[PDB]
Amino acid sequence: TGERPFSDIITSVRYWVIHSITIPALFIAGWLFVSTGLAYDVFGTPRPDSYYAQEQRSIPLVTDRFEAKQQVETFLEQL
Amino acid sequence: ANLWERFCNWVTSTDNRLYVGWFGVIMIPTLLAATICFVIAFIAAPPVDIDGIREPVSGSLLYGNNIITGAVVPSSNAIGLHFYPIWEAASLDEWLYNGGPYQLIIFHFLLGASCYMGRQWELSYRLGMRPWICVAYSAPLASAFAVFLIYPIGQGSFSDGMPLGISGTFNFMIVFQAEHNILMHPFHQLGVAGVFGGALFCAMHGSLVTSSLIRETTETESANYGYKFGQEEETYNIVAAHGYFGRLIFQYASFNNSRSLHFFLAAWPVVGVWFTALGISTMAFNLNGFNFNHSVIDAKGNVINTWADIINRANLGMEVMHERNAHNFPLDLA
Amino acid sequence: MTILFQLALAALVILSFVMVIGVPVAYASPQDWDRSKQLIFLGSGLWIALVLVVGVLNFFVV
Amino acid sequence: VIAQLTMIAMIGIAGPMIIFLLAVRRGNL
Amino acid sequence: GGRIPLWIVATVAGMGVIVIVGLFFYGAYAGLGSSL
Amino acid sequence: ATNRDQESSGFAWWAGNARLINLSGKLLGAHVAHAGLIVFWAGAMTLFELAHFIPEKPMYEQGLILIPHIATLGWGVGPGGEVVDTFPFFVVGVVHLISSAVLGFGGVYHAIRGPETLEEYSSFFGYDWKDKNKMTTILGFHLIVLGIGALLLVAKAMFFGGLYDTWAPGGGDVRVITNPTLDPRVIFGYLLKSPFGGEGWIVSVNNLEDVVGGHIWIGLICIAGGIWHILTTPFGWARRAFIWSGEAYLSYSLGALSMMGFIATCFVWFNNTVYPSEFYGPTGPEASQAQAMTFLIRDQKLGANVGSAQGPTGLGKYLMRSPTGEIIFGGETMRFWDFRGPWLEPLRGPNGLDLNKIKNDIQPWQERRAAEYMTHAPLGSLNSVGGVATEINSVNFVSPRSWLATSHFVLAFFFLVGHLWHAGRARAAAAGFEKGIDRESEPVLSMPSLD
Amino acid sequence: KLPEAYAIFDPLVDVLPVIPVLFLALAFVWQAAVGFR
Amino acid sequence: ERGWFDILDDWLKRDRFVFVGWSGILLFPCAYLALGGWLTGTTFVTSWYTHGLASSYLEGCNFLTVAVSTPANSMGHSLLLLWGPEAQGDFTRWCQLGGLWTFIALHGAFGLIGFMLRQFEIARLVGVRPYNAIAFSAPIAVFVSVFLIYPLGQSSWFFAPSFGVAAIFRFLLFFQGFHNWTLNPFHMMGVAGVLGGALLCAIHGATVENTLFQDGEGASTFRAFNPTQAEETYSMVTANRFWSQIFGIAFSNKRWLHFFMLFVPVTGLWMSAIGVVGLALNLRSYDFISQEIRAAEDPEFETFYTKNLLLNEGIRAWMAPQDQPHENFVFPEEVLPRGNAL
Amino acid sequence: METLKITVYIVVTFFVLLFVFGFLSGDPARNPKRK
Ligand code: CLA
Ligand code: CLA
Ligand code: CLA
Ligand code: CLA
Ligand code: CLA
Ligand code: CLA
Ligand SMILES: CC1=C(/C=C/C(C)=C/C=C/C(C)=C/C=C/C=C(C)/C=C/C=C(C)/C=C/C2=C(C)CCCC2(C)C)C(C)(C)CCC1
Ligand SMILES: CC1=C(/C=C/C(C)=C/C=C/C(C)=C/C=C/C=C(C)/C=C/C=C(C)/C=C/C2=C(C)CCCC2(C)C)C(C)(C)CCC1
Ligand SMILES: CC1=C(/C=C/C(C)=C/C=C/C(C)=C/C=C/C=C(C)/C=C/C=C(C)/C=C/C2=C(C)CCCC2(C)C)C(C)(C)CCC1
Ligand SMILES: CCCCCCCCCCCCO[C@@H]1O[C@H](CO)[C@@H](O[C@H]2O[C@H](CO)[C@@H](O)[C@H](O)[C@H]2O)[C@H](O)[C@H]1O
Ligand SMILES: CCCCCCCS[C@@H]1O[C@H](CO)[C@@H](O)[C@H](O)[C@H]1O
Ligand SMILES: [Cl-]
Ligand SMILES: [Cl-]
Ligand SMILES: [Fe+2]
Ligand SMILES: [Mg+2]
Ligand SMILES: [Mg+2]
């Protein structure tokens, strides 16, 4: 076809200069996404202390179609 | 020459319509005995006390089975791994009660199919071929050894070998999932990858070659008429096939070497099925699938279920119901 | 004794690590084979003696 | 644990190091 | 485009994959998902 | 780079080691370096086991496979398999580890520095695969070595402290074997025993006198066979039967190793004499037999008459008969009635399990061992959750028996494949068609058609 | 446990049994050095 | 070439590292969204509100146990659009309600359409017959029947397969216990096609490799092939004689052989799809009525078919309460079917 | 049962003997190329 061979690209000093910075910056950005707790709130995933209230015996299961969003909200308020 | 040298010449003759050979000399009688016993038992055998609890299970068509429910039933748990030939029994009546036909079938069958594998090596030598077709066959053969011999050995009984029938096979699968969590075993997973991949590459190879047949036939006649038995020229264009597939994915994701391509076709399902066989042969000794039951715990210590735990709930259903009269003590240890 | 043992064993460990690298590299090197052959023989001798020393001293720290 | 990871790092590198040492030296690889 | 030899790039990338995968196995035994 | 490419050797990189077939010096290197890895693992693995080892927990709860091997030889253990001294464990690991540096040295030297071929340099050490006399002579040397190896076992057993004897009267203990079994009717008798249930061929050997006598026989046989092979060349019927080539000798050895792997799998799975349950954990049959014993004890303590208690099926809940009439445990464990074990034999009389003894003579230590073995059955998951497949996480256990059986079934299996691969390749190469069919001398084209 | 005098070499001992696997991996580094010729 | 359309066509069909084509405008974003939806969900997204389950690396799951799980049964067959009436543009809520499930299922469905168009498009440009595309209809019939038809016949998407390794296993066991799917003759033809396909794959690759002509000197035989060479690299004649004498029959026609390799697994997967359409409606092959009547009347009549139904009834009773949380099943201990002891 | 046992033992010995003597009878030579 046309494109520069991968062989060339990944043995070239310029490749390693660019990616010795971009690879670790992305990795660290990935790490912070979790370490700040940011992941939990974007996706709405419970932390280990947020699955159940202290005395709750049942799961906060969605049972309503059109107000399920509001149910989660209610279920979330009492934790 | 002498009578013996003539015999040897015949046995090993490359000219018999079906090759006989030295492996064949063991294969022919064992496979005939297994076949004949199997057919007669499948049609007519009385019920077999598989679990040695005087609870005879009906396998045969005359005793109320159809093709789907029918089976030759494993020999009695009271026998275990004891050798139970016809002459060890007081009568055929007793032999049938205790599942003697099963041992006769599976022993002659295993010897015969092992010789079937040897015979494949043998003929290829007689014909000046490279010798490894027999190695490809070792994969299904190993799988047959896994369910008819190794598993019984590990568990202490032929009553736990796979039953020689359709519904019987399913019973074996289900009890196996309960006792070993086979689905969560990576060798079984490699087996699935092996057979799903085998199917896939089959559909692929079939389709790539077919799509590439050279125009040799009329718009009305089958394209199969475009290929003649023994012709020296290759009947399809592999460069066109590669041109297609290399573009479907990317160039280097595609084969242009027929030899390495056919190697991959041999290796992928054969290796995956080896792992399947080895899955069953190692769960034979109770090294089981991954257990992540109650693996996720919350801050307090509440168990947070995963899909592994729902698997556990289904396995439990199988466990407590299987062989519903055979257990007296709380743990099922074989 | 206990300090003596531990250095002797640390020294075996360190010598070992230099043998592990040095012996293959030496053996497959084009030029330097005069100086190499001698040291290999020397390192080998030091390594053996050090095994005996740790072996004997074991009985004083154990 | 830091001791373990360091040990496995030094042992881990010994292999490729040799190869590299021979490659730089145009050795009999 | 030839400076760093492909065998080193492969040995290094290959060691990274081992390390990150080794870490994932360690985490099976520690923290969330460890059953403890 | 003398034939270290595909062009020169005609073997691709992934078949690289086939390049060594006629390079005796480099090949000796491969072999010595390899034995170094073996001896290395043995020594380092031992040390790792010893570092992790808590003497008061059973070996079998600790993931140990090598310490149990050392202990069975009588090192480091006392009555009941109690660890009295870990230093022999230590000695065994260190000496293997040091020794492996020596082998590794030799291996690396011959592989990389010494003469690639040995024939120019020496005729004693040089060899041609097709020299039937040299081949039987090397073979003969190793037979003598192997023989001495068997006699070292004997030496340990009779003259250097004895062996761990799970059957020792009064309880398991180390014991000197003074009267080994020499009668060929017994020793060779084992070889003619059926491999099926209640028989078990050689796996059945149930006393150290037989084990010692067997090794006396084997050491002698092997030295004798070694002398024989140094002094002789193969008879013509042997010459006409075999392929005579490096690749073919490999294939025969591959077949014998696969077979041995399989035997080893059954040995560790069933046998509790040379794999004492004190070290290795209970066998599957043993653990199953322990459960019925445990509930028989419990229930009878509660007032049950265990002999006349009819189970739901009509068979006895606790006791029943084997197909030959012997009294045996009931429920599923009926299959395991061939099991024999030192915590159980005291209850067995001439007719099988004795109801008089069961009612009166069950000692606390028997209850204890049965409870122990019931709850260490060799069942667990690949991630080492002990228990049935539906068990919750809590117990970190897979029996050493399952690890040793499973690993060796896999190894024996692939070795069998290896055997078929190399046997078939050796046959084809000897006849000259291992690279494919000659387009101008295609055998099938010269044969009559089938129909 | 290791005798106390050796405790220092404990973490080293924890990593040694893995060394054989590293020899298999090394063959592949080496073959890559020589282009898999 | 002329107008903008033809210029665009030029650009789409350029011979590059990854072909694009017109099918690529469909294929690439839908394949990428389906896959990144899967990796995103399995990495970060819970199933707590829909199933009462953890299902992500974030929560402690591993590769075998993570999933993007189906929405709650109360969602019915809702499309569950981000901007639909359930989530109302709230991304977090959407994730919590099962939005990634339909996201992955629908993008995956359009991606699969795109892939098969890519197969028709490439074959047309290379000038080959489009058999590969036709073969791919089998994966399509499986995806559509199992991921769409099935849950559409049932009460809601909740009962579709969830996208995960362990989740799919659960799906298997549910089909055994509830539908007795192993008994179903359409699943059996599926098995025959898959195992027969795998057999045909192993056996064809091994046969070629063991009747190769010697076209080189190398003991490694891969180099003794040339893509442009006129001749067969292996002997059909010897292969035919070998199988005829071994098995009793052999292929003689290479075009037949390959067509058959397409036919067997493709037909297999199509048959399984038909059975799964049946199961969408609980139209099972569950029972043999004649066995039930005999077994009801004769308590000494037993077969493997009766034995497996006791297993199924164990599976239903024991897995349903946690597997179907919206039913609020409470099954007191005394009602659970169990054999002796266990 | 005894005559059955003896008949089968004889059967099996016969076929086993054929297999053993069979492969002892110059098998490597029974191929189409180098003999
Ligand atoms: C047990 C494993 C094992 C062993 C013992 C060997 C041994 C050998 N191989 Mg095979 N090989 C193996 C596995 C092994 N191989 C695997 C897994 C592959 C596939 C990747 C191959 C693929 C292969 C090819 C393609 C070739 C070989 C060749 C060879 C031989 C020559 C090596 C050489 O010239 O290196 C040169 C390499 C170096 C100089 C780098 C250093 C190598 C040394 C030995 C490393 C030692 C490090 C060690 C830690 C030192 C301890 C020292 C201490 C005791 C003092 C040698 C006998 C060659 C051949 O047969 O020659 C005729 C050949 O062409 N091998
Ligand atoms: C005979 C072989 C053998 C056996 C039976 C054991 C058994 C055991 N070991 Mg030892 N070990 C071995 C060899 C063996 N190991 C080797 C070669 C090494 C060096 C890497 C070790 C180093 C070692 C350490 C460091 C530890 C153990 C531990 C353990 C225990 C737990 C093992 C476990 O959790 O596995 C988990 C399972 C796996 C990792 C899966 C193995 C699957 C393989 C790769 C499948 C491939 C099959 C086949 C070989 C490939 C053929 C390919 C085909 C295409 C041809 C158990 C008692 C642990 C312990 O308890 O010590 C006290 C422990 O910490 N082992
Ligand atoms: C079984 C493996 C084996 C075999 C068949 C050989 C054979 C050979 N070697 Mg190699 N080698 C080995 C392993 C082996 N060696 C090991 C382990 C090392 C490291 C110590 C070496 C290091 C080595 C070097 C550095 C050289 C050789 C050389 C030689 C040649 C001459 C040897 C001689 O004449 O001594 C005759 C006999 C003696 C001197 C007495 C031997 C005393 C032994 C060690 C004691 C008895 C051992 C006993 C059986 C226990 C063995 C341990 C076992 C349990 C593992 C010959 C080709 C030479 C060479 O190739 O020339 C160019 C050479 O320079 N060897
Ligand atoms: C590694 C060990 C080993 C190996 C590889 C060999 C290899 C060889 N031996 Mg030597 N031998 C050995 C050890 C070994 N021997 C020992 C320890 C002794 C002393 C007892 C001998 C005494 C000896 C004699 C007296 C003779 C040989 C001969 C031979 C040659 C052909 C053997 C043959 O065809 O047997 C294959 C087996 C047969 C042909 C017998 C028929 C096959 C039966 C039916 C198989 C039954 C086994 C079955 C699988 C069940 C296993 C368990 C069983 C006990 C029930 C070959 C060079 C011959 C020769 O050439 O001498 C120079 C010969 O006459 N050997
Ligand atoms: C080929 C590319 C492609 C295709 C076929 C789809 C298809 C789908 N997407 Mg996906 N998506 C894509 C690329 C694609 N997407 C890209 C690149 C992104 C990143 C921005 C997304 C991000 C995304 C999200 C976040 C969601 C989807 C969703 C959907 C689904 C519903 C879409 C819908 O209802 O549209 C309605 C609109 C049309 C069909 C366009 C109509 C075009 C006609 C021909 C012209 C009409 C124009 C109109 C008259 C002018 C304006 C009107 C004005 C007069 C009022 C469906 C499976 C949803 C889903 O998966 O829910 C589970 C959802 O929540 N997509
Ligand atoms: C796997 C699916 C698939 C494939 C590979 C083909 C392949 C083919 N079609 Mg067939 N088609 C299909 C499904 C498919 N079709 C469906 C479901 C219909 C509707 C009934 C059609 C209707 C149809 C007609 C009427 C014709 C073809 C023809 C063709 C051929 C030329 C290509 C073409 O016209 O594509 C058409 C394009 C597509 C199938 C892709 C459409 C992509 C849509 C627009 C994305 C929509 C996004 C959506 C709005 C998001 C909302 C989701 C919602 C749930 C929220 C080729 C044989 C022509 C022919 O046979 O030539 C001889 C022809 O005349 N198609
Ligand atoms: C040939 C070849 C090869 C291979 C090789 C080999 C196989 C080698 C081996 C080697 C070896 C085999 C080595 C070894 C070594 C060892 C050592 C070096 C050791 C030492 C030891 C010590 C030092 C000890 C110490 C101690 C003590 C004493 C006490 C306790 C603790 C401790 C442990 C610390 C390869 C593949 C690469 C390829 C190429 C070619
Ligand atoms: C130690 C011990 C003991 C003893 C032992 C012994 C005594 C052993 C022996 C062993 C033996 C004594 C073995 C043998 C083996 C053999 C074999 C294994 C064989 C093989 C063969 C073959 C392989 C052949 C082949 C062929 C044929 C068949 C035909 C023709 C061709 C040919 C030649 C190829 C006892 C138990 C007491 C106790 C414990 C311990
Ligand atoms: C959903 C969504 C979206 C999208 C997103 C995306 C598109 C994403 C992507 C994502 C991604 C794209 C990610 C990635 C990931 C990856 C990973 C995470 C990987 C891992 C890997 C590993 C771990 C490896 C492994 C292995 C194998 C595979 C075999 C060989 C060996 C080993 C073991 C190494 C949007 C915004 C539109 C909207 C809304 C929704
Ligand atoms: C239970 C197993 C039985 C144990 C027996 C094993 C011990 C070994 C005995 C070997 C003695 C027989 O030796 C072997 O026998 C047969 C029959 O006589 C011979 O006879 C054969 O010779 C040639 C060999 O090219 C054949 O083509 C010919 O058809 C045949 O007559 C073999 O050439 C001979 O080498
Ligand atoms: C958005 C994809 C739909 C493409 C089909 C419509 C083609 S439409 C076509 O386009 C020409 C340029 O190629 C114009 O010159 C012409 O006026 C117009 O009729
Ligand atoms: Cl059942
Ligand atoms: Cl029981
Ligand atoms: Fe093909
Ligand atoms: Mg964790
Ligand atoms: Mg430590």
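Taken together, the values in this text are just the output of simple stated rules run on the coordinates, not laboratory data. Ideal geometry is used to build each Cβ from the backbone, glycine not excepted, and the neighbour counts take in all protein chains shown.
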* To do: Once you have a ≥ b ≥ c as the square roots of the Cα gyration tensor eigenvalues for the protein assembly as shown, tell me rounded if a/c is under 1.5, and otherwise prolate or oblate according to whether a/b is larger than b/c.
  => rounded
* To do: Could you tell me which of H:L33, H:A273, H:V18 has its Cα farthest along the dipole of chain H towards the positive end, charges placed at Cβ (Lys, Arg +1; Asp, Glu -1), taken about the Cα centre?
  => H:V18
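Find the relative contact order for chain C and round it to a whole percent, using C-alpha pairs within less than 8 Å whose residues are 6+ positions apart. Please report the intermediate quantities before stating the final value.
On the way: 29 pairs, mean separation 36.7, N = 62.
Across chain C, relative contact order equals 59 percent.
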* Asked: For chain F, what does the alpha-carbon gyration tensor say about shape, rounded, prolate or oblate, given a ≥ b ≥ c as the root eigenvalues, a/c under 1.5 as rounded, and a/b over b/c as prolate?
  -> prolate
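Exactly which chymotrypsin sites (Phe, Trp or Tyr not before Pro) in the stretch B:115-178 are in a DSSP loop and have at most 10 other Cβ atoms within 10 Å? The partial results should precede the final answer.
On the way: sites: B:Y116, B:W121, B:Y125, B:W132, B:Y137, B:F145, B:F148, B:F158, B:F170, B:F172, B:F176; in loops: B:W132.
Filter output for the stretch B:115-178: empty list.
As a test, work out the antiparallel percent of DSSP beta bridges whose residues both lie in the protein assembly as shown, rounded to the nearest 5. Spell out each step's value before the answer.
Working: 22 of 26 bridges.
Just about 85 percent of them are antiparallel.
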* To do: Can you figure out the FRET efficiency of C:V53 with F:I54, using R₀ = 51 Å and their beta-carbon distance, to the nearest 0.05?
  => 0.95
* **chain B: relative contact order as a whole-number percent, Cα under 8 Å and 6+ apart** => 17
* Structure fact -> Here the whole-number average of other chain Cβ atoms within 10 Å per Cβ of F:311-318 is 5
* Highest-MSF residue in chain H out of H:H258, H:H51, H:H187 [GNM, Cα springs under 10 Å] -> H:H258
* Structure fact -> Protection proxy (average C-beta count within 10 Å per residue), highest first, orders F:140-151, H:301-312 as H:301-312, F:140-151
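Per-residue Cβ counts within 10 Å, from other chains only, averaged over F:37-48: what number is that? Mind showing how you got there, number by number?
Values: counts 5, 1, 0, 5, 6, 1, 2, 7, 3, 1, 9, 7.
Taking all residues of F:37-48 together, the mean is 4.
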* Dipole moment magnitude, nearest 20 debye, chain H about Cα centre, only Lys, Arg, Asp, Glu C-beta charged -> 780
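Which of A:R47, H:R2, H:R223 comes first, and how do the rest follow, when ranked by fewest Cβ neighbours within 10 Å? Could the numbers behind the result be given before it?
Details: A:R47 14, H:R2 7, H:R223 17.
Neighbour counts put them in this order, fewest first: H:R2, A:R47, H:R223.
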* To do: For chain A, calculate the relative contact order in percent as a whole number, restricting contacts to Cα pairs under 8 Å that are 6 or more residues apart.
  => 15
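What's the FRET efficiency of H:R284 with H:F110 using the Cβ-Cβ distance as r and R₀ = 41 Å, to the nearest 0.05?
Numbers: r = 31 Å, r/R0 = 0.75.
Taking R0 as 41 Å, the efficiency between H:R284 and H:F110 is 0.85.
Inside 10 Å of the C-beta atoms of B:178-189, what's the mean count of C-beta atoms belonging to other chains? Mind showing how you got there, number by number?
Working: counts 7, 4, 4, 6, 2, 8, 9, 3, 2, 2, 0, 3.
Taking the mean over all residues of the peptide, I get 4.
For every other residue with a beta carbon closer than 10 angstrom to the beta carbon of F:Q6, add +1 if it is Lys or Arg and -1 if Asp or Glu, then tell me the sum.
Values: positive: F:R4, F:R19, G:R37, H:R223; negative: F:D5, F:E7.
Net local charge, F:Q6 excluded: +2.
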* Inter-probe distance in nm under a simple model that places probes 7 Å from Cα toward Cβ, at H:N226 and F:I138 -> 4.1
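For a test of the definition: using alpha carbon positions, the gyration tensor, and the 1.5 limit on a/c, classify chain B as rounded, prolate or oblate. Mind showing how you got there, number by number?
Details: a/c = 2.33, a/b = 1.24, b/c = 1.89.
Oblate, since a/c reaches 1.5 and b/c is not below a/b.
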* Asked: Measuring from a point 7 Å past the Cα of A:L79 along Cα-to-C-beta, which residues in the stretch A:49-63 have an amide N at less than 15 Å?
  -> A:49-56, A:59-62
* **Spin-label model distance (nm) - I:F15 vs H:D6, 7 Å beyond Cα toward Cβ** => 7.6
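Per residue and in Å³, how big is the convex hull formed by the alpha-carbon atoms of chain C? Display every interim value, and only then the final one.
Details: hull volume 4.0 nm³, N = 62.
Each residue corresponds to 64 Å³ of Cα convex hull volume.
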* Asked: How big is the C-alpha Rg of chain H next to the rule-of-thumb value 2.2 N^0.38 Å, as a ratio?
  -> 1.27
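Based on the Cα gyration tensor of the stretch F:282-377, what are the three equivalent ellipsoid semi-axes, each the root of five times an eigenvalue, rounded to whole Å and given largest first? Provide the component values of the computation, followed by the final result.
Details: eigenvalues 62, 47, 37 Å².
They are 18, 15, 14 Å, listed from largest to smallest.
Given a Förster distance of 45 Å, report the FRET efficiency between B:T35 and H:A296 from their Cβ-Cβ distance, rounded to the nearest 0.05.
Details: r = 36 Å, r/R0 = 0.80.
After rounding, the FRET efficiency stands at 0.80.
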* Asked: Say each of H:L336 and E:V21 gets a label point 7 Å from the Cα, pointing the same way as Cα to Cβ; how far apart are those two points in nm?
  -> 3.9
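Could you put H:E231, H:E327 in order, starting from the residue whose Cβ has the fewest other Cβ atoms within 10 Å? If you can, show how the numbers build up before the last one.
Details: H:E231 13, H:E327 10.
Ordered by Cβ neighbours within 10 Å, fewest first: H:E327, H:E231.
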* Asked: What does the charge dipole of the protein assembly as shown about its Cα centre add up to, to the nearest 20 debye, if the Cβ of each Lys and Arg holds +1 and the Cβ of each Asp and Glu holds -1?
  -> 3060
* Mean-position separation - Cα centroids, the stretch B:122-148 and the stretch H:124-173, in angstrom -> 35
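How do H:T102, H:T43, B:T276, B:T218 line up, fewest other C-beta atoms within 10 Å first? Don't skip to the end; give the middle numbers.
Numbers: H:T102 23, H:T43 16, B:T276 27, B:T218 10.
Least crowded to most crowded, the residues run B:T218, H:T43, H:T102, B:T276.
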